[PDB]
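Each value in this text was obtained by applying a stated rule to the coordinates, not by laboratory testing. Note that each Cβ is placed from the backbone with ideal geometry, even for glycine, and that neighbours are counted across all protein chains shown.
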Amino acid sequence: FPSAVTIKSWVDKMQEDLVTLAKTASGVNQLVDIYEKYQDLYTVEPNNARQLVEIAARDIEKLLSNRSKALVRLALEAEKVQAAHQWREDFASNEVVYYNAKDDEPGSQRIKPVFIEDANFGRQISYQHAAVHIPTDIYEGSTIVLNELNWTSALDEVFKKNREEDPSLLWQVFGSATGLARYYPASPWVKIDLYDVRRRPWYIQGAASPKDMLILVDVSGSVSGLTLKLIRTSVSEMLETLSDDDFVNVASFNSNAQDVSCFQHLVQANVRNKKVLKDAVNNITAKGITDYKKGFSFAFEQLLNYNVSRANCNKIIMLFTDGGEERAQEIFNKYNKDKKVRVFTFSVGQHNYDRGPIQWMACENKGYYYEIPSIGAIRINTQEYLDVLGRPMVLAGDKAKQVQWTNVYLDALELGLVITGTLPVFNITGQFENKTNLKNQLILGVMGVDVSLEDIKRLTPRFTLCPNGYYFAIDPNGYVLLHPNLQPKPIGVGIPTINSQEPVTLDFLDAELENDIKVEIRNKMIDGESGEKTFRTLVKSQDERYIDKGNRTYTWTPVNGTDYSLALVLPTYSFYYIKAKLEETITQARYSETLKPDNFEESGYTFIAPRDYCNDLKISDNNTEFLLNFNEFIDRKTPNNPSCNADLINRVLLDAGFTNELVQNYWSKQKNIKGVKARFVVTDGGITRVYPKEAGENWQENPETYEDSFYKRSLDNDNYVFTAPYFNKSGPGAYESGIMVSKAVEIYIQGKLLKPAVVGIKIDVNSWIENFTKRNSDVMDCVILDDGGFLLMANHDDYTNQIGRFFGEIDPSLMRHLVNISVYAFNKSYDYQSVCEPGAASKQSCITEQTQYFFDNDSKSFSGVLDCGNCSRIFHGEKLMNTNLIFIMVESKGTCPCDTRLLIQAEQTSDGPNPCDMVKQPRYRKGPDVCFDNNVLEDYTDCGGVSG
Ligand SMILES: *[C@@H]1O[C@H](CO)[C@@H](O[C@@H]2O[C@H](CO)[C@@H](O[C@@H]3O[C@H](CO)[C@@H](O[C@@H]4O[C@H](CO)[C@@H](O)[C@H](O)[C@H]4NC(C)=O)[C@H](O)[C@H]3NC(C)=O)[C@H](O)[C@H]2NC(C)=O)[C@H](O)[C@H]1NC(C)=O
Ligand SMILES: *[C@@H]1O[C@H](CO)[C@@H](O[C@@H]2O[C@H](CO)[C@@H](O[C@@H]3O[C@H](CO)[C@@H](O)[C@H](O)[C@H]3NC(C)=O)[C@H](O)[C@H]2NC(C)=O)[C@H](O)[C@H]1NC(C)=O
Ligand SMILES: *[C@@H]1O[C@H](CO)[C@@H](O[C@@H]2O[C@H](CO)[C@@H](O)[C@H](O)[C@H]2NC(C)=O)[C@H](O)[C@H]1NC(C)=O
Ligand SMILES: *[C@@H]1O[C@H](CO)[C@@H](O[C@@H]2O[C@H](CO)[C@@H](O)[C@H](O)[C@H]2NC(C)=O)[C@H](O)[C@H]1NC(C)=O
Ligand SMILES: *[C@@H]1O[C@H](CO)[C@@H](O[C@@H]2O[C@H](CO)[C@@H](O)[C@H](O)[C@H]2NC(C)=O)[C@H](O)[C@H]1NC(C)=O
Ligand SMILES: *[C@@H]1O[C@H](CO)[C@@H](O)[C@H](O)[C@H]1NC(C)=O
Ligand SMILES: *[C@@H]1O[C@H](CO)[C@@H](O)[C@H](O)[C@H]1NC(C)=O
Ligand SMILES: [Ca+2]
C-alpha cells in the first residue's frame, strides 16, 4: 500500500489536468465575458418573491371566482325551472328530445350532433346542446327519468351563456338525484360502464357535510355463508363514499365487540387508511353469539373519544346485520337520549329472521333502514344515506349554498388532473305557499364546474425564474393542488398482486424531501398565514439519483376567496432575472438566422424549448419539427405581433446571438481537443447548441432546459458536475457518447449574481483512461466515484464495462463501510406516484422507496482499514476539489474471499410507511368550519321500515 502524499499528488494531477480541459474545451470563462461585452443588449430586473406570490394568488382567486359566478347562475336557474315544472305521467303524446351520451324509442326523441373537433378538450364536442348520461341499470323512459329530462332542459340555455361569457370554461355538469348527469358541451361517453354520478367525489362532498361514520358489522354465526360475502362487499362499497374530510372506523361484534384493524379509533379515511380497513374487512370470519348491547356500547364509546382528530360533525352508525329479536333500547337511552347520533341499519342477504328490531333502531334514532338482498342491491343502497344527511343542509337555506372545491382527481371524460366546484340544488316547489316540507327536504342534485390544473399553471408563469424555482399550492389538508412532482397518475397504496375513482391526494411532505423547517412551513400555510423563510435544504435532482444542498426562500400567501395557500420557492442567485431589451429588425434577424436548421454545420446541432411562444405555434415532441415551425413564424409574421408574447421570443433570439458567438469565436477555432465527444451549451432561453452536428444524436436530454437534470444540478454547485451515464441500454452510447461534465456560468453586471447558461463537455472513456493509467492488475483496484456513489471508470477493465453503475452493486463490502466512515450520507423517501411490474399470488401503481447518496462533510482525505472477517483491507479515499468526484485506492476483491449482500441504489417496491403508527401522530390539518346537522325542523318520520 502506497503513502498518502503520493496519492494526494496522484489525485492532484486528476484535478488540474481534468478541470483545465473542462475549463478550456467548453469556454466557461469565455461565455461570461460574452455576456459582459453586450451588457447593454439586455437588462437585469428584480424577481420580487413577495410581489409575485400575491399577484399569482390574486389571479387564482379571480379564476376560482369566475367559476363561482357560473355555479350560482346554474343553481338559481335550476331551482326556478324545477318549481314551474308540472309532474305529468304521459310521455307518448309529448316526447322528450335530448342527446344520450352513450349511443351510436317512443316517448323520447334523440338528437344527432355535429361533433366538431375543438381544443382545450381532447375529444369531439358540440357547443349546441348538453349531453345526458344515464346509468346502465337506470331505465330511461321511466316516469321519474323522463320527468327529469324536461325541467333539465332550460339548463342548456344557462350552460351556453356561461360558456359565451367565459370561453375557457370546461365541463359544466348537473348531477341529478335520479341518477342522470347532464353536462355541457355534449361529448360522447367514454367494457361495462359502471359510472354513477351519485357516487362521484364531487357529488358526495356537496350532498352532505363531513361525517364521522362508524361501521358495525355482525360477524356472529347466523351471518356465515352468502350473507357474509354480501356484508364484506357492502362495507367495502360504503368506504368508497368517504373522502379525506370524513373519519371512519370498522368494528365487529360476535358476543364481544372488537375492532377489525390496527386502528382502535377514528382515522382520517384517506386512501391509505381506507385500504387497511378494506383489507381487514375481507378477513373476518362468522362465528359466535349475536349480542347487540355489547356491539352498540362499543360504537357509542368510539364516537365519544375527543382525544384524537375528528370531524366534529355528523355522527352516524351503520349496523350490518341480518336480523334478530333484540331492540337494545337500554343502550340507546343511555348513550343518546338527545338523539345526537344517527343510526342506519342494513339487513343483508335472504333469510327468515325478524327485521322488526332492526327497523326500530333506525326510526327512534334519526336514521334510515335499508335492505340488501343480493350483490346488485349493494351499490344503490350504500349511497342513499346521503339523502338523510342532507336534510339539515336543506333547512339551512341560503346559508348552505357555499362553493366547495374537491381534491385533485382524474376526469371521467379524460382531460387530465382537474378540480371541480360544487353547489347543491334544492327542491323549492310550493315555497311561495310555505307548506310542502314533504320531498323538499331532499336535494335535486349537485352543480359542478371543472377547473383543470393546466389553467392554474398558466396563472403562475415560470420562465422568468430559474430552473430551480417553482410555485406550489396546498389544501387545508397538506395535499398539493399544484406541484412539479404531482403527476397525472393515481397514487399507490401497496404492492400490486394478481391471483378516476380515487382522488390524486399527494401530501406536500410526500411531494419533496421532508425537513423539520418544511413541516412548520406547511403548518403555517394550512393556518392561512403569510411569511417568508430562507434556509438550507436538501433538494433532489430531476433524476432520482442525486441529492443537492442549496439555499431556498419559501414565500407564501393565502388565497383570499378560497382555502388554498400559494407559495413560491425562489432560490438564491435567482432573485434577479435577465429581461431581453432589443428593438431592431436586422440585429434581431442576425439572431434569427442562427437557428436555421440548414446552417447547423458551422453552428452546431441547435435545439429549441417547446414553450408557448405564441398561441398559434403548436408544440410537438419532435424538436426537429418544432424548430422547423418556429423558424417559419418569426419571418412570415412580424415581431411586432400583438398576437403573442414579447419577452419569450426576444429572450430566445437574444440567447442565439450570445450562444452562437461562442460556437463561432471559440468552439470553431478548434475541432479536436484530446478527447471531447461533444461541446454543449444550455441556457435559460431554451436553446442547446451541441457543436459537433454528428454528436447531436447522442444528446438524449429534454429540449426544455427547465427540465434538464444536469442543468439544475450544476446550478446549485459552484464547481463542476460530472453526470454519470445510465446502465443496461437505458440510453444510446456508454463510451459512444461520453461523460457529461457540467459547469454553470456566473456574471456580475451591477454587483449582481446571475447564472444564465450552463456549459460543459462530454469527455470520452477511452481518452480518460490513458491519463488515469499514468493498470488491469489483480492486486489493487483504483476507481473514481462521483457524488452519489456511481462508477465512472476503474482499473480492472471489468468494472469499466459497467460504468455509470452504483458502487454498491459491484463492490458491496467497501460501499457499506464507506457509509459507516461518514463520507456518503443517504436519505430514503417514498414515491407514491410510481408504476411497477405486477407480482404473483399489466403494470399497476405502487410505492417504491428511493435512495440517494451525497457527501457528508467537507473532509478532503479519507483512509482506513476494511475488516471483512479474517481479512485486513486498507484504502485511501481522496476527494477531487473543484469537482464532485472522489478517488479511492483499495486492494483487489480477490485478496479476501468475502462477499456480503449487495447494496442497491434504485427504486424498490415497498408498502411503507406503516399506517398503523401514522395515525397515532398524524400530520396537522384544518377541517371545514361549517357543519350542518341536528336541525329541529327535520322530519324524522321517513325510515325505510316505518311504512313497510
Ligand atoms: C320536488 O318536490 C315536489 C313536491 O314537493 C315533487 O312533486 C311531487 O311529485 C309526486 C310524484 O313523485 C306527486 O305525486 C302525485 O301523487 C301520487 C303520489 O305518488 C301519484 O300517484 C301514484 O303514486 C304511486 C306512489 O305510491 C306511484 O307509484 C304511481 O306511479 C302514482 N301514479 C298512479 C298510480 O297513477 C301521482 O301520480 C303523483 N302525480 C300527480 C298526481 O300528478 C306529487 O303530487 C308532487 N307534488 C307537487 C306539489 O307537485 C317533485 O317530484 C320533486 N322533484 C323531484 C325532482 O323529485
Ligand atoms: C316538458 O313538457 C313539454 C315538452 O316539450 C313542454 O311543454 C310544451 O312546451 C312548448 C314549448 O314552449 C309549448 O309551446 C309553446 O308554449 C309557449 C308557452 O306557453 C307558448 O308560446 C305557446 O303555448 C306554445 N307555442 C305555440 C303553440 O306556438 C307547449 O305549449 C308546452 N305544452 C305543455 C302541455 O306544457 C315543457 O316546456 C317541457 N319542459 C321544459 C322545462 O321545457
Ligand atoms: C387577502 O385579504 C387580506 C385582507 O382582507 C389582504 O390583506 C391586505 O394586506 C395589505 C398589505 O399591506 C394591506 O395594505 C391591506 O390593508 C390588507 N387588506 C385589508 C382589507 O386590510 C391580503 O392582501 C389579501 N391577499 C392577497 C393575495 O391580496
Ligand atoms: C383521553 O382518553 C381518556 C380515556 O379515553 C380520558 O380519560 C382519562 O384517562 C387518563 C388515563 O387513563 C386519565 O387521565 C384518567 O383516567 C381519565 N380522565 C382524565 C380527566 O384524564 C381522557 O380524559 C382523554 N383526554 C386526555 C387529555 O387524556
Ligand atoms: C438527510 O441526511 C442527513 C445526513 O445523513 C440526516 O440528518 C442528520 O440526522 C442526524 C440524526 O439525528 C443528525 O444527528 C444530524 O445532525 C443530521 N444532519 C443535519 C441536520 O445536517 C437525515 O437522514 C436527513 N436530513 C433531513 C431529512 O433533514
Ligand atoms: C375570468 O378571470 C380572468 C382573470 O381575472 C379575467 O379574464 C376575468 O376576470 C374573468 N373573465 C370573464 C369574467 O369573462
Ligand atoms: C440488464 O439486466 C441486469 C440488471 O442489472 C443486468 O445484470 C444484465 O446483465 C442486463 N442484461 C442485458 C441483456 O443488458
Ligand atoms: Ca345471529
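For the stretch 653-800, the alpha carbon convex hull comes to 140 Å³ per residue, rounded to a whole number.
Working note: Cα gyration tensor of the stretch 532-651, eigenvalues times five, square-rooted, sorted largest first, giving semi-axes of 35, 21, 16 Å. Expressed as a whole percent, the proportion of Cα-Cα pairs in the stretch 306-356 lying more than 19 Å apart is 43%. Three principal axis extents describe the C-alpha atoms of the chain; from largest down they are 96, 78, 49 Å.
Here the residues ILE784, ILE60, ranked from fewest to most Cβ neighbours within 10 Å of their Cβ, fall in the order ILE784, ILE60.
With the convex hull drawn over the C-alpha atoms of the stretch 393-510, the volume per residue is 186 Å³. How many percent of the alpha carbon pairs in the stretch 1-91 exceed a separation of 15 Å? Across the stretch 1-91, Cα pairs with separations above 15 Å total 82 percent.
Across every pair of non-identical alpha carbons in the stretch 653-713, the mean reciprocal distance, once inverted, gives a Kirkwood radius of 12.5 Å.
At q = 0.16, 0.17, 0.21 Å⁻¹, what log₁₀ I(q)/I(0) does a Debye calculation on the Cα points of the stretch 129-210 give, no solvent, two decimals? Log-scaled intensity ratios, in q order: -0.68, -0.76, -1.08. Residue-wise HN-Hα couplings along the stretch 301-315, as the Karplus relation 6.51 cos²θ - 1.76 cosθ + 1.60 with θ = phi - 60° gives them from phi, are 5, 6, 8, 10, 7, 6, 8, 10, 5, 9, 9, 6, 8, 2, 9 Hz; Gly and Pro carry x. Compactness of the stretch 444-532 is given as radius of gyration and Dmax, 16.0, 52 Å, from Cα positions.
Per the Cα gyration tensor, the stretch 165-233 maps to an equivalent ellipsoid with semi-axes of 38, 17, 8 Å, ordered largest to smallest. Using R0 = 22 Å, the C-beta based FRET efficiency linking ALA377 and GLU502 works out to 0.40.
Around the amide H of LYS540, modelled in the peptide plane, lie the amide H atoms of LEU513, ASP548, all under 5 Å away and 5 or more residues distant in sequence or on another chain. The helix-based estimate of mean residue ellipticity at 222 nm for the chain, built from -39,500 (n - 2.57) per DSSP H run of four or more residues and divided by its residue count, is -7500 deg cm²/dmol to the nearest 500. Compute the label zone of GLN750 within the stretch 570-590: residues whose backbone N is under 18 Å from the point 7 Å along Cα-to-Cβ. It comes to 573-582, nothing else. Rounded to the nearest 5, the antiparallel percentage of DSSP beta bridges internal to the stretch 727-839 is 100%. Fewest-first ordering of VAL408, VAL865, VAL663 by other beta carbons within 10 Å of each residue's beta carbon gives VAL865, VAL663, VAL408.
Normalised radius of gyration (Cα atoms, divided by 2.2 N^0.38 Å) for the stretch 809-948: 1.92. Ranked by the mean number of other Cβ atoms within 10 Å of their residues, highest first, the peptides 586-596, 928-938, 441-451, 801-811 fall in the order 441-451, 801-811, 586-596, 928-938. One equal scatterer on each Cα of the stretch 387-434, no solvent, Debye formula: the resulting log10 I(q)/I(0) at q = 0.33 Å⁻¹ is -1.21. The stretch 419-485 has equivalent-ellipsoid semi-axes of 44, 12, 8 Å, by the square roots of 5 times the alpha carbon gyration tensor eigenvalues, sorted largest first. For the stretch 36-137, the convex hull drawn through the C-alpha positions has a volume of 248 cubic angstrom per residue.
For the stretch 309-386 versus the stretch 479-525, the inter-centroid distance based on Cα atoms is 36 Å. Fewest-first ordering of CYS782, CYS916, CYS846 by other beta carbons within 10 Å of each residue's beta carbon gives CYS916, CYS782, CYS846.
Computed about its Cα centre, the charge dipole of the chain is approximately 1180 debye, with only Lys, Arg, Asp and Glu carrying charge at their Cβ. Rg over Rh for the stretch 777-863 works out to 1.08, both radii taken from alpha-carbon positions and Rh defined as the Kirkwood radius. Scaling against 2.2 N^0.38 Å puts the C-alpha radius of gyration of the stretch 232-356 at 1.05.
P(r) for the stretch 289-377, from all Cα pairs and a bin width of 10 Å, is 16, 49, 27, 8, 0 %, short bins first. Residues in the stretch 872-878 carry Karplus couplings, in order, of 8, 9, 10, 8, 9, x, 9 Hz; the curve used is 6.51 cos²θ - 1.76 cosθ + 1.60 with θ = phi - 60°, and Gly or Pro positions show x. Radius of gyration over Kirkwood radius for the stretch 179-274, both on Cα atoms: the Rg/Rh ratio is 1.07.
Note that the stretch 197-210 has calculated 3J(HN,Hα) couplings of 5, 7, 10, 6, x, 6, 6, 5, 5, x, 7, 6, 7, x Hz, one per residue in order, obtained from phi through the Karplus relation 6.51 cos²θ - 1.76 cosθ + 1.60 (θ = phi - 60°); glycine and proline are x.
When peptides 171-179, 87-95 are sorted by average Cβ neighbour count within 10 Å, with the highest value leading, the order is 171-179, 87-95. Among residues other than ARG391 with Cβ under 12 Å from its Cβ, the summed charge is -2 (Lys and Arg +1, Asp and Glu -1). Put the Cα centre of the stretch 597-638 next to the Cα centre of the stretch 230-274 and the gap is 56 Å. Taking 7 Å steps out from each Cα toward its Cβ at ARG590 and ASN882 produces label points 3.4 nm apart.
Quick one: Debye curve from the alpha-carbon atoms of the stretch 720-873 only, equal weights, vacuum; give me log10 I(q)/I(0) at q = 0.14, 0.17, 0.20 Å⁻¹ to two decimals. Relative scattering, expressed as log10 I(q)/I(0), comes to -0.95, -1.21, -1.37.
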